[PDB]
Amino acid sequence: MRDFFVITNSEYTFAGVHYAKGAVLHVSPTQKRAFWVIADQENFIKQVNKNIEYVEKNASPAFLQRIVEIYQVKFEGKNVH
């Protein structure tokens, strides 16, 4: 599966990672990695991968759990300030 974005529907911890409400998560099934991007990173991604989709803008913990089940993704927090 291509990379995609989701946006958290509320503030929660999923897979040990705290996410604010409205956190944009970049999900990469090929790399088995999802992480919370800052705005500049979100925008960068859309330069290099212009057709990336926001497939769910109200992602609950149950939605993220489906990503774990289907794509075996390891969720992470931010990797920059």
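Numbers for residues come from their place in the sequence shown, where the first is 1.
- Annotation for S10: C-alpha temperature factor in the highest third relative to the rest of the modelled chain, per the entry.
- Among all modelled residues in this chain, the alpha-carbon of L25 has a temperature factor (C-alpha) in the lowest third.
- Remark: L64 belongs to the lowest third of its chain, ranked by C-alpha B-factor as recorded.
- Ranked by C-alpha B-factor against the other modelled residues of its chain, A34 falls in the lowest third.
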